[PDB]
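For reference, the structure is listed below as structure tokens.
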Amino acid sequence: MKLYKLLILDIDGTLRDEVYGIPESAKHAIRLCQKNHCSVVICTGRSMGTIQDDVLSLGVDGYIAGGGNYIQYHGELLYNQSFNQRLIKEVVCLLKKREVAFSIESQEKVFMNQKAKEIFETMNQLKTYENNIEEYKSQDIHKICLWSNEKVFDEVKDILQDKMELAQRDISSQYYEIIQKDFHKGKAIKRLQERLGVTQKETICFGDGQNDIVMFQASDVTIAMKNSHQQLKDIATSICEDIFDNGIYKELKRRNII
Amino acid sequence: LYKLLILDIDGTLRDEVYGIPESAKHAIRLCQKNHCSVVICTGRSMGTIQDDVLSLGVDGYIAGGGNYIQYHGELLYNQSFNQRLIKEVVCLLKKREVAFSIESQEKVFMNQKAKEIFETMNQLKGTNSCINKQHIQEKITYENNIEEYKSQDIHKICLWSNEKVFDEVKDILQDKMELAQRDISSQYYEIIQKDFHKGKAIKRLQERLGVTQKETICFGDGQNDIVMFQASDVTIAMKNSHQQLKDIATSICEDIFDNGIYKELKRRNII
Ligand code: NA
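In the order they appear, the protein sequences are chains B and A.
Letter by letter, the first sequence follows residues 1 to 127, 143 to 273 in the deposited numbering.
Going by the deposited numbering, the second sequence opens with residue 3, and the numbers climb by one from there.
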């Protein structure tokens with residue numbers, strides 16, 4: 001028997017196409033889920049400060065943000081974890097000395113160096144950013160994005176040690192997405208479930224990236240798309256259609272959730 | 003033997019015009035050398051705390067008037083208002099056309115009337131300020147940026163209005179709020195979260211550090227420090243402090259640049 005109480009949705013490439021935004025069918029699906037007593041919670045690597053306006057306009061029940069460091073539900077901030085400030089200063093000091101592209105994030109802003117800005121500029125050309148790393152001083156930081164060799168990464172691991180884990184890793188581009196140990200999307204989903212009195216069996220998620228693989232152990236059903244990260248597709252319960260082929264709506268309709 | 007020195011910023015540790023005296027900096031180093039932790043306890047957010055305070059190398063920071071607690075870099079507490087309630091309040095105050103500001107831990111969001119209140123407070127820097135010194139910041143330029151508020155986590159609402167407009171804010175927030183401070187003559191209300199005032203914050207840290215009220219000494223100045231005094235054994239004010247704080251204070255120490263903090267600590271054999 002299945003009666004879902006929690007829909008977990010990733011934003012980028014799941015709920016929302018990076019170029020064409022959110023399809024009406026997904027907005028409708030969300031509205032229908034909520035009518036059927038199934039909470040809809042955004043579960044994103046984005047911070048509340050970088051979540052897009054169209055996502056904020058949906059009236060979802062909660063937000064798991066920063067890749068799992070921040071949990072808000074029905075407006076109430078439940079969890080908001082940030083790295084030890086002294087450890088961030090050491091990392092920032094190291095990474096400036098190493099002259100590698102990097103960024104750090106608070107729940108409001110992304111602080112990035114020149115090399116990192118140049119990476120995001122080029123990412124956008126393959127569809143403004145500022146060298147503002149010197150604006151970091153006392154903000155609460157929950158994520159470090161690093162483009163470097165294995166040696167520079169090991170130096171960051173020597174500073175953070177057991178306090179960190181990788182949310183995501185792209186070997187080819189030398190990219191590491193560093194978050195706090197046990198504050199990935201999966202752990203946040205569990206914390207939220209525990210606050211709401213919802214079980215794993217009552218939870219269904221939709222993801223697309225490597226940062227969504229962790230959603231699986233927190234969910235009964237995990238849905239990916241054809242274009243999703245292969246490791247996610249390999250463990251997904253099913254593959255729904257692409258964003259603008261009404262994948263979320265159709266998947267929810269097939270499972271009789273809406 | 004005291005284990006926790008709680009220091010206020012504005013009007014106690016730091017003079018609004020002249021900054022922090024060397025005796026205070028030296029007294030902090032001396033307390034730490036004697037295994038007494040030094041923790042800043044301010045209405046300021048980590049984002050509005052002045053660089054000279056950040057350069058001191060204090061053991062921790064109780065910020066936002068008590069919603070935020072950090073110790074040895076470790077963020078221990080960081081409470082923010084319900085986002086939906088803040089939307090209602092922001093919506094209500096825009097239509098009532100009163101000066102107001104809301105604060106996140108990084109930033110202050112203020113309407114036009116509030117920008118003008120703050121510009122004037124900076125122009126009046128050096129005069130007997132009381133509350134103005136708690137808001138003055140040379141770091142930023144003030145501006146009508148309330149429309150930039152959307153999803154930021156908010157812990158404080160500053161309101162300049164009649165009690166009708168305040169009663170309307172109280173109807174929305176109910177027992178989720180309390181007044182950290184209030185200046186009746188200027189119609190000022192400093193609205194914080196219920197049970198996240200300076201004393202409750204001091205008590206959370208005491209609990210975590212395993213330090214007692216008896217092992218805690220505080221230095222305060224404003225109406226917002228009355229509660230600070232209630233979570234401490236020895237409470238120190240100054241001659242120009244808020245009278246209600248002076249009424250409950252253990253002692254009155256000398257003015258900032260008369261080395262009050264150092265002299266009081268030396269007199270008590272803490273340093
Ligand atoms: Na994604």
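Even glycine gets a Cβ: it sits at the ideal position worked out from N, Cα and C.
Note on geometry: alpha-carbon atoms of B/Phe111 and B/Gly49 lie some 12 Å from one another. For B/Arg46, no chain A residue has a C-beta closer than 9 Å to its own C-beta; the minimum C-beta separation is roughly 11 Å. Taking non-hydrogen atoms of the ligand NA into account, the C-beta of B/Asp12 is found less than 8 Å away from one of them.
Using a CB distance below 9 Å, the part of the segment 148-174 of chain B facing chain A consists of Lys152, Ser153, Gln154 and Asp155, ordered along the chain. Just measuring C-alpha positions, the residue of B/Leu126, B/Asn113 and B/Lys117 sitting nearest B/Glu149 is B/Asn113. Judged by beta-carbon spacing, A/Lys27 lies within the 9 Å limit of A/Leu58, meaning their Cβ atoms are closer than that value. Annotated three-state conformation of A/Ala65 is strand, per DSSP. Per DSSP, the continuous alpha helix (DSSP H) segment holding A/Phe231 begins and ends at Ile228 to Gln232. Of all alpha-carbon atoms in A/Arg269, A/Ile119 and A/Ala65, the one lying nearest the alpha-carbon of A/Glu108 is that of A/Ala65.
B/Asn36 and A/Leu77 have their C-alpha atoms spaced approximately 38 Å apart. Contact between A/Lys117 and A/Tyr144 holds, with the beta-carbon distance rounding to 5 Å and staying under 8 Å. Interface flag for A/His74 against chain B is set, since a Cβ pair is found closer than 9 Å.
Judged by DSSP in its simplified three-state form, A/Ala182 adopts strand. The distance from the Cβ of A/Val236 to that of A/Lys200 is about 16 Å, inconsistent with a contact at the 8 Å cut-off. Residue environment for A/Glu266: buried (at least 16 other C-beta atoms within 10 angstroms of its C-beta). Apart from the 5 residues on each side of it in sequence, A/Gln81 sits with its Cβ closer than 7 Å to the Cβ of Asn69, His157, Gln195 and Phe198 in its chain, given in chain order. Between B/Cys255 and B/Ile273, the beta carbon gap of about 13 Å keeps them out of contact (Cβ cut-off 8 Å). The C-alpha of B/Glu18 is placed about 43 Å away from the C-alpha of A/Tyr191. Around the Cβ of A/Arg86, a 10 Å sphere holds fewer than 16 other Cβ atoms; the residue is exposed. In the displayed model, A/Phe198 falls within coil according to three-state DSSP, outside both helix and strand. In this structure, the C-beta of B/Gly62 stays at least 8 Å away from each heavy atom of the ligand NA.
Around B/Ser153, the same chain offers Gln85 as residues with beta carbons nearer than 8 Å, after the five sequence neighbours per side are excluded.
Between B/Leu207 and B/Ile71 a beta carbon distance of about 5 Å is seen, short of the 8 Å cut, so the two are scored as contacting. For the C-beta of A/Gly262, not a single chain B residue is nearer than 8 Å; the gap to the nearest is close to 27 Å. With a 10 Å radius around the Cβ and a threshold of 16 neighbouring Cβ atoms, B/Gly212 comes out exposed. Per the DSSP secondary-structure output, B/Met112 pairs in a beta bridge with B/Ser103 and B/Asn146.
In this model, A/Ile250 and A/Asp227 are separated by some 11 Å (Cα to Cα). At a cut-off of 9 Å between C-beta atoms, A/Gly21 does not count as an interface residue with respect to chain B. With respect to chain B, the C-beta atom of A/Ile30 has no partner C-beta closer than 9 Å. Cβ neighbours of A/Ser253 within its own chain (closer than 6 Å, five residues either side excluded): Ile238.
If you check each beta-carbon in the segment 97-110 of chain B against every beta-carbon of chain A, the ones closer than 9 Å belong to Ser106, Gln107, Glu108 and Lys109. According to the DSSP assignment, A/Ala29 belongs to no beta strand (DSSP E) but to the alpha helix (DSSP H) extending over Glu24 to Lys35. Shown here, B/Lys241 sits in coil according to DSSP, grouped into three states, outside any helix or strand. Cα atoms of B/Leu247 and B/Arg269: separation of roughly 21 Å, rounded to the nearest angstrom. Listed as beta-bridge partners of A/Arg16 by DSSP are A/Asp12. B/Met240 has its alpha-carbon roughly 22 Å from the corresponding atom of B/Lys2.
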